[PDB]
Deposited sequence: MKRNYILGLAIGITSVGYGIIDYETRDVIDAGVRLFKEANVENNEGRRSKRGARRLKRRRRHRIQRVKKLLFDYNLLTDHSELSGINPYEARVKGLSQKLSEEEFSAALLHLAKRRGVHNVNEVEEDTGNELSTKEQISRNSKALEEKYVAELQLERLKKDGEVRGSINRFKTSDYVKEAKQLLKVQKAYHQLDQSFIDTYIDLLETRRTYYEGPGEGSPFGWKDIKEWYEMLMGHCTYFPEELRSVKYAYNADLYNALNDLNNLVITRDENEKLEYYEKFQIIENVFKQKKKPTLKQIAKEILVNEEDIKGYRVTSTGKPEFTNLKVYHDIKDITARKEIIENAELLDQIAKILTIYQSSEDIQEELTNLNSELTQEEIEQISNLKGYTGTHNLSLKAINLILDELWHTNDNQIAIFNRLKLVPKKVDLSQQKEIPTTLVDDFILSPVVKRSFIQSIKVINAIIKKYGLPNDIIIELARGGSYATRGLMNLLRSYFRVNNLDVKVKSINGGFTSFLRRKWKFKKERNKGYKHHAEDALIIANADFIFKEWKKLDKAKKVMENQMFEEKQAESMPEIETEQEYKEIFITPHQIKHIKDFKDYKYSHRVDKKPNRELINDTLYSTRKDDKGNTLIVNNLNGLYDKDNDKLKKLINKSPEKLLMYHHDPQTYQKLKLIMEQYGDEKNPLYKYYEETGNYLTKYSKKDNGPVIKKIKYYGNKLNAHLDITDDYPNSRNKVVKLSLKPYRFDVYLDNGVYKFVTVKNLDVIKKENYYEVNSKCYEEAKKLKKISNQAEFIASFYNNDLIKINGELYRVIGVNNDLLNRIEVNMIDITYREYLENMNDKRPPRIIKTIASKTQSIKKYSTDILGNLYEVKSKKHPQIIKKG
């Protein structure tokens, strides 16, 4: 309808937008789009977890396979009990002496339990004494050439009293050697075939390789290593369809050499290009003779002085180096025969196999599959070859055409490609009115910048739909430098050009932006709010106005900012905290969680003394076996003013605090249990633990959403936890039984139906005040955590400068008058919304 200049202030957590009229030169509308910062830590934690689960599942499956092996030979049965057997003593006995089949099974299962590290027996480094594994097992291996793993572990068990810890890391080769000696001794007495020993040793020593990955039933798996490398490697810079060539292919190295030789500038020829018959001679007398060509040796072939040579690439003060064909010389040494050397395609295939396949056994198999001329011995020699990794940026076909052209003409690669006329094509389809959001995914960015760009693209789409095609689009960026910015503008320019509705896209300069902000008065203070980002976008468009066209600016006084917050309705997230707590019934009859008090001998840690001063009965050692408590409390009161008597007592005696003993042999105490506050909100894990005397729970269960119900005037509130959502087929469905049960506790009438359903960062209007919901604080206490939409509560309190903690909790009780649900579009327009009836299905994909 009306032309305008649109400013954008892309941040990590915010995309502020500002729309300034081209004619009146004043703001039409400005707003902010708030979203939680994308963090590499989130996905790295998810992947770290996925890997830990696979590790734990792999270990359990290996234990189960070992158990099946023991069953098939009747060594271990369901009637036998591993319990009561010390596996360390059993292993040390088995290395030299016969042992029973149940104790044999105990030793074998313990060996299969801990296998040792494989990454270190390949590469091990040692520097004195350190908290590293590569050095710890260095020291252990020093202690191993004398004795096996089990004997050293048992010796440590007698010396320090314990085996487990950082001291207990060893190599898989040591474990395999010990197990092999154990099995060699044991196979005489027991009925064990050779095949059983090899099967067990594979179970002990076998792990997946990094190129083999999970089972191909996984979404993360791959059928073959060739396909694994195919999806891994990039695509050609000119031919998107074509995959990159491996950088040590013979044609790629020839291409690089030809490129170098064309950069050569010779004066005696009075021309800048080198001759063809001369370049071929150089390449056939220097590059094919030396592993690394030398410019001085090139001077001999060119028959001209070195200072006449110019244009060679050089790195700092080093010699002028040229790109050399390592594959050609490597094949040349192992194979003197010239049919392999002559056939460049053979070197290309050999280099591709060497780069693709990570194992030497795989390389030999695929070299045999090549059915080439050279005999199997040279196949083994190539298999032993190493140093081939990475990919050349160009594809093999592009390299072939380019080198065929480079043999004759001395033009650089860009000129040859321009004469080859490959014209870039814009990836956007243009058949969608909105900017495609897939382009941001296409570009490689930091996760924070990628999410900010997606939000910015949707903001641009909404503005174009609401107001019309911008006259100009103007962008800033907080993170990513100017590189990500230029990618965003390449996207936007490509879309506008291909769709023929071209709009200028410009990024105002950071120095010029600072100059503009310094001009006049734009005060920046702490606790400004998101209106700060909105004002920055307005100032960005303001900067553009100065460049192309400051009196009576509406930017000075504009209390019309609209704040849009992203709503997170994504199911299946972190359900519950990973810590497992033990509970204990008190005298009264309430279930109390048990908390351990760690770091007793720490100067900074003074909790143990506070817990004694508050109430000593909270300590479990006061109630049970009180004499060590009385000794500890004598130590406690003796120091008094000292903040942590435990560390001081240990320092004076030289040893940590030990539990009371008349023989003075009592064990040292590292942690102390005390009684915690009673818990109502918990998840029972006690079923996992048979015959558990006391109930063991996980805590802090995360809510998904809460539905506000209204019966007979009083407002109710039902919480749907992340544990109540379960996945089937392609979708997520909340549990009907769990929802009905949770409705029973809140005792909502059957005739009542709910006002609305609230997800995280959803707008709610309680008693005429509108805040966005953070989450339900207490399900039983009927309180929900909220936050102010325009400014975060912490910043508002900091301006308010009060003592009260920055946290607002609202109670949905019998006294609240109204509850309303509001939604804002991405632009920030706020709407009262109508609710559906009881959402129990959410789609995935």
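Missing from the model, relative to the deposited sequence, are the ranges 1, 551 to 590.
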